[PDB]
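Here is my_file-v9.json, consisting of JSON, C-alpha atoms:
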```json
[["chain", "number", "residue", "atom", "x", "y", "z"],
["A", 3, "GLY", "CA", -37.00, -28.80, 291.86],
["A", 4, "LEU", "CA", -35.26, -31.91, 290.50],
["A", 5, "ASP", "CA", -34.60, -30.50, 287.00],
["A", 6, "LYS", "CA", -31.57, -28.75, 288.52],
["A", 7, "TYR", "CA", -30.03, -32.11, 289.47],
["A", 8, "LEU", "CA", -31.39, -34.31, 286.70],
["A", 9, "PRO", "CA", -31.77, -31.96, 283.71],
["A", 10, "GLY", "CA", -34.06, -33.43, 281.08],
["A", 11, "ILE", "CA", -34.39, -36.84, 282.71],
["A", 12, "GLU", "CA", -38.08, -37.72, 282.65],
["A", 13, "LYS", "CA", -37.85, -41.34, 283.80],
["A", 14, "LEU", "CA", -35.95, -43.30, 286.43],
["A", 15, "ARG", "CA", -35.43, -47.05, 286.70],
["A", 16, "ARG", "CA", -37.50, -49.07, 289.19],
["A", 17, "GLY", "CA", -37.04, -52.83, 289.23],
["A", 18, "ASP", "CA", -36.97, -53.81, 285.56],
["A", 19, "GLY", "CA", -39.11, -50.89, 284.40],
["A", 20, "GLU", "CA", -39.35, -47.13, 284.84],
["A", 21, "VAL", "CA", -41.23, -44.44, 286.77],
["A", 22, "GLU", "CA", -41.72, -40.77, 285.89],
["A", 23, "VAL", "CA", -39.61, -38.21, 287.77],
["A", 24, "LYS", "CA", -42.96, -36.41, 288.28],
["A", 25, "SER", "CA", -44.03, -39.20, 290.68],
["A", 26, "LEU", "CA", -41.55, -37.79, 293.24],
["A", 27, "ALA", "CA", -43.69, -34.66, 293.85],
["A", 28, "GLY", "CA", -43.67, -33.58, 297.49],
["A", 29, "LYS", "CA", -41.04, -36.15, 298.56],
["A", 30, "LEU", "CA", -37.61, -35.84, 300.07],
["A", 31, "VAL", "CA", -35.26, -37.41, 297.52],
["A", 32, "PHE", "CA", -32.00, -39.01, 298.55],
["A", 33, "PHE", "CA", -29.32, -39.38, 295.89],
["A", 34, "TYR", "CA", -27.33, -42.49, 296.80],
["A", 35, "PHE", "CA", -23.85, -42.43, 295.30],
["A", 36, "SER", "CA", -22.34, -45.91, 295.32],
["A", 37, "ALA", "CA", -20.82, -48.62, 293.13],
["A", 38, "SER", "CA", -20.60, -52.38, 292.99],
["A", 39, "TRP", "CA", -16.82, -52.02, 293.46],
["A", 40, "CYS", "CA", -17.03, -49.90, 296.62],
["A", 41, "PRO", "CA", -15.93, -51.85, 299.78],
["A", 42, "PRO", "CA", -17.64, -49.74, 302.54],
["A", 43, "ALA", "CA", -20.91, -49.70, 300.59],
["A", 44, "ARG", "CA", -21.29, -53.44, 301.25],
["A", 45, "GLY", "CA", -21.92, -52.85, 304.95],
["A", 46, "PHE", "CA", -23.82, -49.58, 304.48],
["A", 47, "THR", "CA", -26.32, -50.60, 301.79],
["A", 48, "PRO", "CA", -28.23, -53.14, 303.99],
["A", 49, "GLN", "CA", -28.63, -50.48, 306.71],
["A", 50, "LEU", "CA", -30.06, -48.08, 304.12],
["A", 51, "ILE", "CA", -32.39, -50.83, 302.84],
["A", 52, "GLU", "CA", -33.68, -51.49, 306.37],
["A", 53, "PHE", "CA", -34.30, -47.77, 306.93],
["A", 54, "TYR", "CA", -35.97, -47.41, 303.53],
["A", 55, "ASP", "CA", -38.26, -50.37, 304.11],
["A", 56, "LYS", "CA", -39.31, -49.05, 307.54],
["A", 57, "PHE", "CA", -39.75, -45.39, 306.66],
["A", 58, "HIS", "CA", -39.89, -44.48, 302.96],
["A", 59, "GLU", "CA", -43.69, -44.29, 303.09],
["A", 60, "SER", "CA", -44.24, -42.86, 306.61],
["A", 61, "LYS", "CA", -41.38, -40.32, 306.33],
["A", 62, "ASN", "CA", -42.22, -39.63, 302.65],
["A", 63, "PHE", "CA", -38.91, -40.09, 300.90],
["A", 64, "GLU", "CA", -37.40, -41.89, 297.94],
["A", 65, "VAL", "CA", -33.87, -43.10, 297.16],
["A", 66, "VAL", "CA", -32.33, -42.61, 293.70],
["A", 67, "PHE", "CA", -29.19, -44.64, 293.03],
["A", 68, "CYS", "CA", -26.52, -42.56, 291.26],
["A", 69, "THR", "CA", -23.94, -45.03, 290.04],
["A", 70, "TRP", "CA", -20.13, -44.80, 289.98],
["A", 71, "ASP", "CA", -20.03, -48.15, 288.15],
["A", 72, "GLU", "CA", -18.51, -47.75, 284.68],
["A", 73, "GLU", "CA", -19.73, -51.11, 283.34],
["A", 74, "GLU", "CA", -23.43, -51.59, 282.55],
["A", 75, "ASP", "CA", -23.37, -55.21, 283.81],
["A", 76, "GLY", "CA", -21.92, -54.11, 287.16],
["A", 77, "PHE", "CA", -24.50, -51.34, 287.46],
["A", 78, "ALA", "CA", -27.42, -53.59, 286.53],
["A", 79, "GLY", "CA", -26.44, -56.42, 288.89],
["A", 80, "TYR", "CA", -25.93, -54.04, 291.80],
["A", 81, "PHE", "CA", -29.14, -52.09, 291.21],
["A", 82, "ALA", "CA", -31.11, -55.37, 291.01],
["A", 83, "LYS", "CA", -30.28, -55.85, 294.68],
["A", 84, "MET", "CA", -31.84, -52.45, 295.62],
["A", 85, "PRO", "CA", -35.56, -51.73, 296.27],
["A", 86, "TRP", "CA", -35.59, -48.05, 295.17],
["A", 87, "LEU", "CA", -34.95, -46.04, 291.97],
["A", 88, "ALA", "CA", -31.93, -45.40, 289.75],
["A", 89, "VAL", "CA", -30.70, -42.89, 287.22],
["A", 90, "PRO", "CA", -30.47, -44.98, 284.04],
["A", 91, "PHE", "CA", -26.94, -46.13, 283.17],
["A", 92, "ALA", "CA", -27.25, -44.25, 279.83],
["A", 93, "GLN", "CA", -27.57, -40.99, 281.81],
["A", 94, "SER", "CA", -24.26, -41.51, 283.67],
["A", 95, "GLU", "CA", -22.98, -38.13, 282.47],
["A", 96, "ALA", "CA", -25.76, -36.55, 284.55],
["A", 97, "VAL", "CA", -24.54, -38.58, 287.55],
["A", 98, "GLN", "CA", -20.94, -37.42, 287.11],
["A", 99, "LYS", "CA", -22.04, -33.81, 286.89],
["A", 100, "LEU", "CA", -24.24, -34.26, 289.98],
["A", 101, "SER", "CA", -21.31, -35.82, 291.85],
["A", 102, "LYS", "CA", -19.30, -32.71, 291.03],
["A", 103, "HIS", "CA", -22.15, -30.37, 292.01],
["A", 104, "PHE", "CA", -22.32, -31.94, 295.49],
["A", 105, "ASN", "CA", -18.57, -32.39, 295.79],
["A", 106, "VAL", "CA", -18.92, -36.13, 296.25],
["A", 107, "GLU", "CA", -15.34, -37.33, 296.61],
["A", 108, "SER", "CA", -15.92, -40.74, 298.15],
["A", 109, "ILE", "CA", -18.69, -43.28, 298.22],
["A", 110, "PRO", "CA", -20.99, -44.29, 299.69],
["A", 111, "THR", "CA", -22.60, -40.83, 300.02],
["A", 112, "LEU", "CA", -26.26, -39.98, 300.57],
["A", 113, "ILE", "CA", -27.63, -36.48, 299.84],
["A", 114, "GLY", "CA", -31.21, -35.49, 300.49],
["A", 115, "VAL", "CA", -32.97, -32.76, 298.56],
["A", 116, "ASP", "CA", -36.55, -31.52, 298.62],
["A", 117, "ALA", "CA", -38.17, -32.57, 295.30],
["A", 118, "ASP", "CA", -40.44, -29.54, 294.94],
["A", 119, "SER", "CA", -37.98, -26.74, 295.77],
["A", 120, "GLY", "CA", -34.72, -28.51, 294.91],
["A", 121, "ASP", "CA", -33.35, -27.27, 298.23],
["A", 122, "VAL", "CA", -30.61, -29.25, 299.90],
["A", 123, "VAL", "CA", -31.81, -30.82, 303.13],
["A", 124, "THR", "CA", -28.85, -33.02, 304.20],
["A", 125, "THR", "CA", -25.46, -33.91, 302.79],
["A", 126, "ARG", "CA", -24.43, -36.22, 305.64],
["A", 127, "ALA", "CA", -27.11, -38.91, 305.72],
["A", 128, "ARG", "CA", -24.62, -41.75, 305.07],
["A", 129, "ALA", "CA", -22.96, -40.83, 308.40],
["A", 130, "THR", "CA", -26.06, -39.94, 310.40],
["A", 131, "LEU", "CA", -28.25, -42.85, 309.30],
["A", 132, "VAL", "CA", -25.97, -45.51, 310.79],
["A", 133, "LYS", "CA", -26.26, -43.79, 314.18],
["A", 134, "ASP", "CA", -29.99, -43.18, 313.99],
["A", 135, "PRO", "CA", -31.67, -46.36, 312.67],
["A", 136, "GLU", "CA", -35.09, -45.28, 313.97],
["A", 137, "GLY", "CA", -34.82, -41.88, 312.30],
["A", 138, "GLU", "CA", -35.46, -39.89, 315.48],
["A", 139, "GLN", "CA", -33.46, -37.03, 313.95],
["A", 140, "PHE", "CA", -34.47, -37.60, 310.31],
["A", 141, "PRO", "CA", -33.90, -35.90, 307.89],
["A", 142, "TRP", "CA", -30.60, -34.94, 309.61],
["A", 143, "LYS", "CA", -30.75, -31.36, 308.38],
["A", 144, "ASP", "CA", -27.50, -29.57, 307.58],
["A", 145, "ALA", "CA", -26.83, -26.48, 309.68]]
```
Can you dump the structure from the file as structure tokens?
Amino acid sequence: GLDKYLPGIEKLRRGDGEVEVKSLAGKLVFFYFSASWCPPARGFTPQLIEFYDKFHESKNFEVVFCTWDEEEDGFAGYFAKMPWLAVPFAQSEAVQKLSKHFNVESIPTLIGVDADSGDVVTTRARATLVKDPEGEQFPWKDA
């Protein structure tokens, strides 16, 4: 499923180490497009962290940070303040291509895909999450 979006990426960053992309089997995966330089992400990111902490286990999802930072130091510092996963900075080309694939034109943006099938579940989670902190309508399926 995820090979479509992350072709040939076997590992993702978690904290100061890595996990295998295989560990996402059966999960909903949210690609979180953001950057340290993005003003509206400052207010949004803590709301996503609260939702993640409450529900990532019980609602069976993961978040993968897809950076629009162009400096490694900016990327690393920003990711260090997140509890979830990241596409490694070295694989930024994959992130740019993914941004194009989903027509991400502004950040922050949050897109949820099913890991096993690769199917798109929601493209609007950055907008819907802030209005549904208890996830009563999760995963905010697209029509």
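For the point (-34.9, -35.4, 282.6) in file coordinates, the residues within 10 Å, using all atoms listed in the file, are residues 4, 5, 6, 7, 8, 9, 10, 11, 12, 13, 14, 22, 23, 24, 89, 93 and 96 of chain A.
Counting all atoms listed in the file, the residue from A:142, A:80, A:54, A:33 that sits nearest to residue 68 (chain A) is A:33.
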Which residue out of A:123, A:21, A:131, A:27 has the minimum interatomic distance to residue 47 (chain A) when all atoms listed in the file are used? A:131
For residue 15 (chain A), list every protein, DNA or RNA residue within 8 Å, evaluated using all atoms listed in the file, and leave out those in the same chain fewer than 2 positions away; present the list as a count of residues only. 10
Between A:82, A:113, A:51, A:122, smallest distance to residue 32 (chain A) by all atoms listed in the file belongs to A:113
Taking only C-alpha atoms into account, which of A:130, A:38, A:25, A:94 comes nearest residue 109 (chain A)? A:38
One residue among A:50, A:71, A:111, A:97 is nearest to residue 85 (chain A) when using only C-alpha atoms, and that residue is A:50
Build an axis-aligned box that encloses every atom of region 137-141 of chain A listed in the file, pad it by 3 Å on each side, and report its centre and edge lengths in Å to one decimal, as lines of an AutoDock Vina configuration file.
```
center_x = -34.5
center_y = -38.9
center_z = 311.7
size_x = 8.0
size_y = 12.0
size_z = 13.6
```
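The gap separating CA of residue 67 (chain A) from CA of residue 99 (chain A) is 14.4 Å, in Å to one decimal.
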Return the single residue from A:53, A:140, A:86, A:91 that is closest to residue 69 (chain A), with distances computed using all atoms listed in the file. A:91
For a quick check of your reading of the model, name the residues lying within 12 Å of the coordinate (-34.1, -44.0, 312.8), counting only C-alpha atoms, and write them as a PyMOL selection string. chain A and resi 49-50+52-58+60-61+127+130-142
